[PDB]
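Residue numbers (my numbering), protein chains in the order written: chain A, 563 to 958; chain B, 148 to 546; chain C, 309 to 1030. Note that CB positions come from ideal geometry on N, CA and C, so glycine has one too. One structure is given below, encoded as structure tokens.
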Amino acid sequence: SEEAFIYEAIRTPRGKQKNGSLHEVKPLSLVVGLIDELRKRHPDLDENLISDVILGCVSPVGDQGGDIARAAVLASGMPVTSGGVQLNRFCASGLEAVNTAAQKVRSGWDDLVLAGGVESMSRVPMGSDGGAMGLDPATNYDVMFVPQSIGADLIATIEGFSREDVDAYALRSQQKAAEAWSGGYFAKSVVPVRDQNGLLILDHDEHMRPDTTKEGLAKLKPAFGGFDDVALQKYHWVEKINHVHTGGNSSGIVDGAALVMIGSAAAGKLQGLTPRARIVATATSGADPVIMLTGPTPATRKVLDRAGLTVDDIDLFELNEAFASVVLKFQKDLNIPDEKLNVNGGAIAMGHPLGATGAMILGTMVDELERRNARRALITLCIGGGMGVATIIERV
Amino acid sequence: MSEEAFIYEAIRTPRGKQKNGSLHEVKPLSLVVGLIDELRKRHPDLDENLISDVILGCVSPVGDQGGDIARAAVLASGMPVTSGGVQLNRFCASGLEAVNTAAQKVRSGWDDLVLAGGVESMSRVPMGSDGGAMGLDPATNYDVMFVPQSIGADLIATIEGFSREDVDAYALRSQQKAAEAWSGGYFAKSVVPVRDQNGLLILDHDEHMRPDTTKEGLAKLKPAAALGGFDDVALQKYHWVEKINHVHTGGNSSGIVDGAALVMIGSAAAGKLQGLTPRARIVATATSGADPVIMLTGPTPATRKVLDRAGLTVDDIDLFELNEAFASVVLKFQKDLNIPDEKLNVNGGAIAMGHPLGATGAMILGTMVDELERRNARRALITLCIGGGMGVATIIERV
Amino acid sequence: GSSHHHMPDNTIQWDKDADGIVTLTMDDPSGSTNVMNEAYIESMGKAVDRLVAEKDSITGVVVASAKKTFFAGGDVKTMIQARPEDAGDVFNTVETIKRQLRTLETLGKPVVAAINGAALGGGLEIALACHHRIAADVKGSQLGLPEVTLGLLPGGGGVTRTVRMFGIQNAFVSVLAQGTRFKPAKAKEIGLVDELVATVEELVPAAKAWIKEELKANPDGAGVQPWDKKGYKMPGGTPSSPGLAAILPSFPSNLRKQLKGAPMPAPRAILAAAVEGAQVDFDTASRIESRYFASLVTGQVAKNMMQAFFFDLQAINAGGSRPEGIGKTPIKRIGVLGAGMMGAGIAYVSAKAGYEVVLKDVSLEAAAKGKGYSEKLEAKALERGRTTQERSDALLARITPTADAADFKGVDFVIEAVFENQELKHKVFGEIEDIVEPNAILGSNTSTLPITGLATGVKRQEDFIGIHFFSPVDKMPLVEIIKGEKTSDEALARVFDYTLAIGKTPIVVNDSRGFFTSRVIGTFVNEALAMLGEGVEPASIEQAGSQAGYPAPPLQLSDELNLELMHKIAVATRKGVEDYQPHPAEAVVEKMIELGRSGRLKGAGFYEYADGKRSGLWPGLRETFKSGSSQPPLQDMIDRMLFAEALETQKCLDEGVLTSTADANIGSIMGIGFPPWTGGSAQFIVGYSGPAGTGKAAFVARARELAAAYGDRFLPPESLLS
Ligand SMILES: OC[C@H]1O[C@H](O[C@H]2O[C@H](CO)[C@@H](O)[C@H](O)[C@H]2O)[C@H](O)[C@@H](O)[C@@H]1O
Ligand SMILES: OC[C@H]1O[C@H](O[C@H]2O[C@H](CO)[C@@H](O)[C@H](O)[C@H]2O)[C@H](O)[C@@H](O)[C@@H]1O
């Protein structure tokens, strides 16, 4: 019945992994800083009307364990009735938090919900949580576990994407991310991180290498425990895997956090909030977990059917740049026009904070739709384990 | 709001004890896969491709419980790759939160048939193994006034006036009503015995139960992670209380056990297409909270909020099911809302059978579906106290 | 750019010997002690660049001093002036300072510290950056990190390096949290220092010898700290280690228990900086330490504590309240009149300082239980090893407990500690004033009786003076010197020197009824009793007292002082004005007397007492005063106690009872236990921080908010109003 609307979508900058600016900032602090920015924009918001806080986190251990969402509620001084729950659906965890928030608002039993995610990969590296699929040999042997970097190379092998091809997308992401920054696209949505004294720590995406050239990308060496033989046991018609992915055409490992406010039209009207976009549809699907990164295509198909829409009805496509071939595969499958796809750069340039990316690229499209004065945007991410999450937003 | 969410199945494993427990040798993934395979046994012609998500609560999702154990269960059990799989953590309520979220997904309409529940193998992944900012980082620990739940529970008993005999009286009541339920076959259809890869039995009952508990034996116990200055910290906020009466022991507190629970939830159209019969309807859900120093008074406002949401009062509810974390928490809840005694944890609770952090919410949720059915009653209300001062409540109506 | 820098004199003398061992001798020519000031930072900047330029001809470094002390403290004149907007400069200064020390640390070659004297605060931070430390075991030499006592923290690598050496828990508990100072023997014992020598002249030779040996014996580990080695293991584990992670959530609660909930942000910041620093590499850790340091220096607590325990305290120790021009006069034989818990405590701290005491009472049975106070205390010190058996026997042998008045011959210092009665003192002083030495000091330990009135019971009124001690005398560090209008400036200065000779701090106070300490601590106690009579829960009153920063909650203190003594003071004040609107506490005092409960002396008071030990609040207390009927905010109770004393301290400054804000602060802090975070009951006015503002202006705002709710006694005097 109720319709779910996005009222705010902010994110911290993404600090790099080696000698990063954010490496000294606890991930809990990143979330609190975004909560305090929402307060700055809406000081007369009745926080008692925020019924939940839903954060994605792929590695909920160490500084990110013990339900980091509830910690953000108490540490930021929000009301104790504001809930707080962590969830983990791997790479899509950030968008999954937003989807769940919307679906909660549609059911009527929540009024105003904060959703997002946090990942300080320089403090909590991926894999810090362990996992059965990886460490238990009985079920590892049976689900044919293979790291995503190999699935991405396998994708490029089957589809015929050359090293030049994946590198050309990498160069394009750097160019489009740099042009968006210099164009002021990100001025209102990227909240600089400061310390307890107000001194600046980070106000831009450090992983960006905007002086990237096609020649420098070819100098890089590929990332390449016998996981190659495991993959080719299932994809038996493929003789050899072409290892095309390097650190220059793969998503950067960064720290960052993102926050989104979501509520009903009645909930927003009661708090003086102007809706910025409407959550039209969400869909979760999947594909083979050995190749692992082909989830976006069926998830995007499902959400277009569920919303009564087609590729022609979508103005902007944003797919998480986990690897170059993943985006190229998606672009080939659905015949996405090149000028509609990841228009402001993506994770290859700016970085991929696991628990937070979904809420970041979601907020990136709420901003770009308003700037271009466009209507719809489809947001998707490939997920570890063969999953796929897609979402359609409509500008208001 | 449009689609109505219905419970179609609600099973669980027996709870194995912490010391020399039968379940200590079973990976927490296998506890989940075992419940998935029972659901296949009950409905061999279920088109699993209509299961859009698998939502498992888990409070310490590390080691054997890390890496999104929900998705691991989906891949391990051989479910379709389109069936998703997500872990969540809202402390003690993660089991019921997974069920509420599944129901809310069905109500939005963008999901059709959802598996929900939780897993927690506390003998293999002790609580705290995940760490956390509210505890291990001194900057914010000093501010949120962190206090272990066992001390807020004693603070509750000190404020409301619950003596050591009062809390030991409830503990006896729980052990008794749990032993009565087990001998009367109340749990025969829902508690799924755990077996190994050969079909040999591992566990078929709640090992933590001490059905021969005596009121004199409970008075012999010694009061109870709590060895620092937490007593003085709590009374800094609760400054009108002079001394804290430590009434809680291992015989009136929730037991530490392994376990898992699964609940199948879908729309009216979803179950009809698959030939399932809806057993109960999710009437309303609510989360609230209270002070996190005395963090266990959450059930009271969350229950009031779900009654006003569903347009009901305390009188309309036939069965109340509150998680027996600490005996004082239940006595407070009963004192606050004037809950009739004959309608409270009527099959015993966690003090007798155990409290697998991630799975408890779905375990006691499934306990009330069977008791509503066995009594031919109409409405049950399930609530849990949550760490950090949160509260979660759910009303179900029998169909 | 990012350098070792940022007009001032050069501080470090450079000398490279024929072996390639550089001797950096710090000798700031602006004062007697090497300070971490803008001059030092520049000098150490140049020297570190030179160690790197001439790295080919340098095999080792030695850091020495040309002062009596090694290196002590920071530039407090600068740090007390940092505003919140200056946090950028503060962060850059401590990072520059630590960038220098870090470069010295990773020079690729051993660096040894030659600690000839006190290495305190910033000084010890320099030595912790070296790979080896050698200390000359000389008298008065101390080593520690006392930054927390000024409301600061060891911001020059102290927190980071001590945690690297000892682990989180041991570094916090032993060194950082209370800024404990160590004698060179104790320093080597805990790992702060590595080895000792007999005299200072051996230091640099022993250092250059240690460099020469280290290079040949340990060629790969020369100039490499334990934490810069691959495979380093933090003592007691890192916060990710499961053993430490099991007990780590209890460190902030244990600290909250020790500080009783008071607003001291320095120990909180130290524990945070330690734990977060132990989670990251050494360089990221030291930067976190910088941010927590700037977080303190720009705050108000640090400015209060820096004003009190540095500027105010040094102004007093330097003879600020001492009359100018007067000369010293030695003391040879003290005579204590009365063997109560005061006279016995006066006989102990007088003998612990090396003075020959004569302790008289009214009976040999009571004078022996009086000297036995010095024996039961010398037994606690021999059981814990703090004193030898030879110095504990020479201490008790300078005490002669008697009941006769003839054996008072040769006494050149009389400190009377008899009961609080004027004509009794006139009698006690009359029968000794002639058989003691003729021109000796005549001192009284009265707590309310005017010294002017007591001075008429002797002939030499110019040598009659108040010498007010506090119980327990062995542990309280203040001596309130009361100047009667007959007292001369010499007797003032002589008791001033007596106070500095027994290891206590003196304030000088003009004669007035109640003096400073008693009168002010009276308003503190009466505020709690009024609240109790207003129906507030006693548990909330004690919690408000403890959480305000006081060493003892008020109702607990109201038992130590007799409730009958308070009734007496109230009758006295009423007598004076009539020859006055009563304070609401005066009804509680008499009501408690009427019920027979009056404190520890009666075995029954606000608390209950079983065989001499305190045990719980009296259960009948809530029925008597209808406790619980009034439930004001805790902060209102906290401010009511703090503001009553602060307002009463301004009244004393207005009336000429006190002559300096230095005496008002140190007097309130060391005398009546005013919370240290306030910096003193006078600093509390100019440094109040609340919701509604900060400074003297906000103090008045909060004063009127309290006066509008609880009584006009909370109305500020005019001297606070512009
Ligand atoms: O526990 C969550 C709350 O933490 C803070 O409040 C605690 O600490 C305050 C400072 O002394 C107390 O006044 C308060 O009673 C404590 O609960 C924080 O200020 C709150 O906003 C949080 O909800
Ligand atoms: O036992 C090895 C088999 O691994 C794959 O099969 C799995 O496929 C999914 C996980 O990757 C799940 O449905 C389930 O764990 C298995 O069916 C592979 O597809 C098979 O060919 C292998 O025999």
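Do residue j and residue i come within 8 Å of each other at the CB atom, strictly closer than that value?
i, j, result
"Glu185 of chain B", "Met226 of chain B", "no"
"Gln758 of chain A", "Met683 of chain A", "no"
"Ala711 of chain C", "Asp669 of chain C", "yes"
"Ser989 of chain C", "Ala1016 of chain C", "no"
"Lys376 of chain C", "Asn342 of chain C", "no"
"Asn882 of chain A", "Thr859 of chain A", "no"
"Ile642 of chain C", "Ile723 of chain C", "yes"
Please list, in chain order, the chain C residues whose beta carbon lies closer than 9 Å to that of residue i.
i, result
"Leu761 of chain A", "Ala395, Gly396, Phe399, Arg599 and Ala602"
"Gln579 of chain A", "Simply none; closest approach about 13 Å."
Does residue i come out as helix, strand or coil in the three-state DSSP assignment?
i, result
"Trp799 of chain A", "coil"
"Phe892 of chain A", "helix"
"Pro709 of chain C", "strand"
"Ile977 of chain C", "helix"
"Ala1000 of chain C", "coil"
"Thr662 of chain A", "helix"
"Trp518 of chain C", "helix"
"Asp797 of chain C", "helix"
"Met945 of chain C", "helix"
"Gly627 of chain A", "coil"
"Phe885 of chain A", "strand"
"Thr434 of chain B", "strand"
What are the start and end residues of the beta strand (DSSP E) that includes residue i?
i, result
"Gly181 of chain B", "Careful: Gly181 of chain B lies outside any beta strand (DSSP E), inside the alpha helix (DSSP H) at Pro175 to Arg189."
"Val402 of chain C", "That residue, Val402 of chain C, is in no beta strand (DSSP E); its alpha helix (DSSP H) goes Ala395 to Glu413."
"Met770 of chain A", "Premise fails: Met770 of chain A is in no beta strand (DSSP E) and is neither H nor E."
"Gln477 of chain C", "Unbroken run through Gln477 of chain C is the alpha helix (DSSP H), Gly466 to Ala479; no beta strand (DSSP E)."
"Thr331 of chain C", "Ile329 to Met334"
Counting only Cβ pairs nearer than 8 Å, list the residues of chain A close to residue i.
i, result
"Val402 of chain C", "Residues of chain A passing the Cβ test: none, with the nearest at roughly 12 Å."
"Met537 of chain B", "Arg632, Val642, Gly645 and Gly646"
"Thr606 of chain C", "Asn759"
"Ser414 of chain B", "Under the 8 Å cutoff, chain A gives no residues; its nearest Cβ is about 12 Å from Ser414 of chain B."
Since residue i is in the alpha helix (DSSP H), which residue starts that stretch and which ends it?
i, result
"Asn650 of chain A", "Taken as a continuous stretch (DSSP letters only), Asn650 of chain A belongs to no alpha helix (DSSP H), being part of the beta strand (DSSP E) at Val647 to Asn650."
"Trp743 of chain A", "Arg725 to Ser744"
"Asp591 of chain C", "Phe590 to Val605"
Are any of the Cβ atoms in chain D nearer than 8 Å to that of residue i?
i, result
"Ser558 of chain C", "The structure shown contains no chain D; its protein chains are A, B and C."
Which chain A residues sit within Cβ distance under 7 Å of residue i?
i, result
"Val209 of chain B", "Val623, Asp691 and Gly692"
"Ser561 of chain C", "Those do not exist, as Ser561 of chain C stays about 15 Å from chain A at its closest Cβ, beyond 7 Å."
Taking residue i as the query, report the chain B residues whose CB atoms sit under 8 Å from its CB, ordered along the chain.
i, result
"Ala843 of chain A", "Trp257"
Run down chain C in chain order and give the residues with a C-beta less than 8 Å from the C-beta of residue i.
i, result
"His585 of chain A", "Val588 and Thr592"
What does residue i touch in chain C if you count any residue whose Cβ is under 7 Å from its own?
i, result
"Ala286 of chain B", "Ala580"
List, in order along the chain, the chain B residues whose C-beta lies closer than 7 Å to that of residue i?
i, result
"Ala637 of chain A", "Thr287, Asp290 and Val291"
- Contact shell at 7 Å, judged by CB to any heavy atom of ligand 1, ordered along the chain: Those residues are A:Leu636, A:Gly639, A:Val642, B:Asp290, B:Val291, B:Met292, B:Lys384, B:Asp438, B:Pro439 and B:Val440, given in chain order.
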